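Here is the structure we will look at, set down as structure tokens.
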Amino acid sequence: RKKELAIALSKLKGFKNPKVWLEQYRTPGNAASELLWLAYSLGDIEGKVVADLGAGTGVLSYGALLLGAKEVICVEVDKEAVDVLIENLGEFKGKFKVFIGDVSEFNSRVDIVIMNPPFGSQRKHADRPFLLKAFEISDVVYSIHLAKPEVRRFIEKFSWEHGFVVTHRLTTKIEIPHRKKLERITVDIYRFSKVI
Ligand SMILES: Nc1ncnc2c1ncn2[C@@H]1O[C@H](CSCC[C@H](N)C(=O)O)[C@@H](O)[C@H]1O
């Protein structure tokens with residue numbers, strides 16, 4: 001929960017011109033900190049090859065590198081987001097790679113997946129391609145989703161059908177912001193582990 005990490009993550013540049021249909025909002029520092037600290041504390045970051053699905057501006061990627069990831073592979077469909085991503089990860093040059101294309105087209109096996117995927121509120125089931133890919137390329141997955149009864153039921157069922165079990169689920173409220181009001185939603189930060 002390191003508030004220092006959250007603070008440092010909040011200093012990164014955001015999206016130039018957010019495409020709402022792609023749910024482009026930078027992962028809030030607090031939620032990002034929670035997910036990363038949890039993964040770090042369980043030994044799922046340091047020295048690991050990490051894939052950041054829907055990397056966007058690179059908040060999760062930066063935090064992972066900051067916490068000792070051996071390397072991070074940033075998967076993002078929008079080039080304009082990658083421009084910001086590259087600048088944000090400037091101090092970790094050579095330690096990250098970028099895959100510009102749809103998440104479903106990426107297929108490199110990694111040690112860990114971390115992601116703040118679209119919840120699927122702008123486009124039906126937009127989050128499924130991310131969960132499917134994450135389950136496909138890794139044995140440990142960290143993701144964020146809407147803390148709603150229907151969503152929770154689905155996530156639990158979907159991961160199971162794909163051979164994964166939820167080992168941790170942390171619930172927090174995030175605020176998605178010239179200068180005005182926040183959209184305050186409650187999300188669950190999940191940690192999935194491949195059965196046996
Ligand atoms: N089909 C798809 N394939 C790959 N990336 C996608 C996608 N649909 C949406 N995205 C990307 O998913 C990202 C997640 S939203 C927030 C990312 C956040 N800035 C962070 O630092 O983690 C968006 O930036 C968006 O462009």
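Ligands are numbered from 1 in the order shown, residues from 1 within each chain, and chains are lettered A, B, ... in the order they appear in the structure tokens.
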
6 Å from ligand 1 is the threshold here; counting only C-alpha atoms and all ligand atoms, which polymer residues fall inside it? Answer as a PDB file with N, CA, C and O atoms, in the first residue's frame.
ATOM      1  N   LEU A  22     -12.243   3.242 -25.506  1.00  0.00           N
ATOM      2  CA  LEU A  22     -11.185   2.291 -25.187  1.00  0.00           C
ATOM      3  C   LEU A  22     -10.911   2.356 -23.679  1.00  0.00           C
ATOM      4  O   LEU A  22      -9.943   1.766 -23.192  1.00  0.00           O
ATOM      5  N   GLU A  23     -11.767   3.083 -22.962  1.00  0.00           N
ATOM      6  CA  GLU A  23     -11.641   3.256 -21.520  1.00  0.00           C
ATOM      7  C   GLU A  23     -10.237   3.706 -21.136  1.00  0.00           C
ATOM      8  O   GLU A  23      -9.586   3.079 -20.294  1.00  0.00           O
ATOM      9  N   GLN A  24      -9.767   4.792 -21.741  1.00  0.00           N
ATOM     10  CA  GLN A  24      -8.427   5.283 -21.437  1.00  0.00           C
ATOM     11  C   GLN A  24      -8.347   6.293 -20.295  1.00  0.00           C
ATOM     12  O   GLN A  24      -8.596   7.487 -20.475  1.00  0.00           O
ATOM     13  N   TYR A  25      -8.013   5.792 -19.114  1.00  0.00           N
ATOM     14  CA  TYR A  25      -7.815   6.630 -17.938  1.00  0.00           C
ATOM     15  C   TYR A  25      -6.614   5.984 -17.246  1.00  0.00           C
ATOM     16  O   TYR A  25      -6.521   4.761 -17.161  1.00  0.00           O
ATOM     17  N   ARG A  26      -5.675   6.796 -16.787  1.00  0.00           N
ATOM     18  CA  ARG A  26      -4.490   6.265 -16.122  1.00  0.00           C
ATOM     19  C   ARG A  26      -4.897   5.546 -14.839  1.00  0.00           C
ATOM     20  O   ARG A  26      -5.823   5.980 -14.153  1.00  0.00           O
ATOM     21  N   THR A  27      -4.215   4.453 -14.510  1.00  0.00           N
ATOM     22  CA  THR A  27      -4.550   3.728 -13.284  1.00  0.00           C
ATOM     23  C   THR A  27      -4.238   4.642 -12.102  1.00  0.00           C
ATOM     24  O   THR A  27      -3.101   5.077 -11.942  1.00  0.00           O
ATOM     25  N   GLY A  54      -2.810  -3.760 -21.723  1.00  0.00           N
ATOM     26  CA  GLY A  54      -3.532  -2.501 -21.753  1.00  0.00           C
ATOM     27  C   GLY A  54      -2.682  -1.507 -20.975  1.00  0.00           C
ATOM     28  O   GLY A  54      -3.186  -0.752 -20.141  1.00  0.00           O
ATOM     29  N   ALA A  55      -1.382  -1.510 -21.265  1.00  0.00           N
ATOM     30  CA  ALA A  55      -0.404  -0.658 -20.570  1.00  0.00           C
ATOM     31  C   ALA A  55      -0.700   0.840 -20.530  1.00  0.00           C
ATOM     32  O   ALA A  55      -0.266   1.540 -19.605  1.00  0.00           O
ATOM     33  N   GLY A  56      -1.423   1.333 -21.530  1.00  0.00           N
ATOM     34  CA  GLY A  56      -1.762   2.749 -21.571  1.00  0.00           C
ATOM     35  C   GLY A  56      -0.576   3.685 -21.399  1.00  0.00           C
ATOM     36  O   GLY A  56       0.363   3.669 -22.209  1.00  0.00           O
ATOM     37  N   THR A  57      -0.613   4.505 -20.342  1.00  0.00           N
ATOM     38  CA  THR A  57       0.474   5.450 -20.072  1.00  0.00           C
ATOM     39  C   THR A  57       1.642   4.803 -19.337  1.00  0.00           C
ATOM     40  O   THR A  57       2.677   5.442 -19.142  1.00  0.00           O
ATOM     41  N   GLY A  58       1.476   3.548 -18.920  1.00  0.00           N
ATOM     42  CA  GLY A  58       2.550   2.854 -18.231  1.00  0.00           C
ATOM     43  C   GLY A  58       2.639   2.946 -16.711  1.00  0.00           C
ATOM     44  O   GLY A  58       3.687   2.656 -16.152  1.00  0.00           O
ATOM     45  N   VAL A  59       1.561   3.320 -16.030  1.00  0.00           N
ATOM     46  CA  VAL A  59       1.612   3.423 -14.564  1.00  0.00           C
ATOM     47  C   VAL A  59       2.007   2.097 -13.912  1.00  0.00           C
ATOM     48  O   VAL A  59       2.932   2.056 -13.093  1.00  0.00           O
ATOM     49  N   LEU A  60       1.309   1.017 -14.271  1.00  0.00           N
ATOM     50  CA  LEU A  60       1.602  -0.294 -13.704  1.00  0.00           C
ATOM     51  C   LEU A  60       2.995  -0.777 -14.094  1.00  0.00           C
ATOM     52  O   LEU A  60       3.709  -1.369 -13.281  1.00  0.00           O
ATOM     53  N   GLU A  76      -0.289  -2.576 -25.704  1.00  0.00           N
ATOM     54  CA  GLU A  76      -1.219  -1.469 -25.867  1.00  0.00           C
ATOM     55  C   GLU A  76      -1.598  -1.312 -27.345  1.00  0.00           C
ATOM     56  O   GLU A  76      -0.728  -1.308 -28.216  1.00  0.00           O
ATOM     57  N   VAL A  77      -2.893  -1.167 -27.624  1.00  0.00           N
ATOM     58  CA  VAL A  77      -3.368  -1.039 -29.004  1.00  0.00           C
ATOM     59  C   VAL A  77      -3.231   0.364 -29.588  1.00  0.00           C
ATOM     60  O   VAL A  77      -3.178   0.530 -30.805  1.00  0.00           O
ATOM     61  N   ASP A  78      -3.160   1.368 -28.724  1.00  0.00           N
ATOM     62  CA  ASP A  78      -3.088   2.744 -29.181  1.00  0.00           C
ATOM     63  C   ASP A  78      -1.700   3.393 -29.169  1.00  0.00           C
ATOM     64  O   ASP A  78      -1.135   3.672 -28.113  1.00  0.00           O
ATOM     65  N   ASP A 102      -3.734  -5.449 -30.802  1.00  0.00           N
ATOM     66  CA  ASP A 102      -4.806  -5.901 -29.925  1.00  0.00           C
ATOM     67  C   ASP A 102      -4.229  -6.911 -28.944  1.00  0.00           C
ATOM     68  O   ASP A 102      -3.319  -7.678 -29.282  1.00  0.00           O
ATOM     69  N   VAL A 103      -4.748  -6.900 -27.724  1.00  0.00           N
ATOM     70  CA  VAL A 103      -4.271  -7.803 -26.685  1.00  0.00           C
ATOM     71  C   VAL A 103      -4.332  -9.271 -27.131  1.00  0.00           C
ATOM     72  O   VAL A 103      -3.468 -10.066 -26.787  1.00  0.00           O
ATOM     73  N   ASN A 116      -4.937  -3.374 -15.800  1.00  0.00           N
ATOM     74  CA  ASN A 116      -6.070  -2.530 -15.435  1.00  0.00           C
ATOM     75  C   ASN A 116      -6.804  -2.513 -16.779  1.00  0.00           C
ATOM     76  O   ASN A 116      -6.784  -1.511 -17.492  1.00  0.00           O
ATOM     77  N   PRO A 117      -7.440  -3.639 -17.148  1.00  0.00           N
ATOM     78  CA  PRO A 117      -8.165  -3.748 -18.418  1.00  0.00           C
ATOM     79  C   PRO A 117      -9.470  -2.984 -18.444  1.00  0.00           C
ATOM     80  O   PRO A 117      -9.971  -2.576 -17.406  1.00  0.00           O
ATOM     81  N   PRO A 118     -10.026  -2.756 -19.643  1.00  0.00           N
ATOM     82  CA  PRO A 118     -11.300  -2.032 -19.702  1.00  0.00           C
ATOM     83  C   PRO A 118     -12.333  -2.892 -18.989  1.00  0.00           C
ATOM     84  O   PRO A 118     -12.277  -4.119 -19.075  1.00  0.00           O
TER      85      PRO A 118
END

Given only C-alpha atoms, how would the per-residue table for stretch 36-136 of chain A near stretch 158-176 of chain A read, listing every residue at most 12 Å away with its closest atom pair and distance in Å to one decimal, sorted by chain and number, as a Markdown table?
| residue | atom | partner | partner_atom | distance |
| --- | --- | --- | --- | --- |
| A:36 | CA | A:170 | CA | 11.8 |
| A:37 | CA | A:170 | CA | 11.6 |
| A:38 | CA | A:168 | CA | 9.0 |
| A:39 | CA | A:168 | CA | 10.2 |
| A:42 | CA | A:168 | CA | 10.8 |
| A:127 | CA | A:158 | CA | 11.3 |
| A:128 | CA | A:158 | CA | 8.9 |
| A:129 | CA | A:158 | CA | 11.7 |
| A:130 | CA | A:159 | CA | 11.7 |
| A:131 | CA | A:159 | CA | 7.9 |
| A:132 | CA | A:162 | CA | 8.0 |
| A:133 | CA | A:162 | CA | 10.7 |
| A:134 | CA | A:159 | CA | 10.3 |
| A:135 | CA | A:162 | CA | 7.1 |
| A:136 | CA | A:162 | CA | 8.8 |

* Asked: Taking the backbone alone, and naming residues the way the document does, which bits of stretch 19-180 of chain A are strand (DSSP E) by DSSP, as a VMD selection string?
  -> chain A and resid 49 to 53 71 to 76 96 to 100 112 to 115 140 to 146 164 to 176

* Check the smallest atom-to-atom distance from each of A:43, A:94, A:29, A:14 to residue A:63 using only C-alpha atoms, then report the winner. =>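 Checking each candidate against residue A:63, we get A:29 as the closest.
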
* Asked: stretch 62-154 of chain A: which residues are alpha helix (DSSP H) by DSSP, as a count of residues only?
  -> 31

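With distances restricted to only C-alpha atoms, A:123 is the closest residue to residue A:20 from A:97, A:123, A:138, A:62.
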
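The coordinates place atom CA of residue A:85 at 23.7 Å from atom CA of residue A:140.
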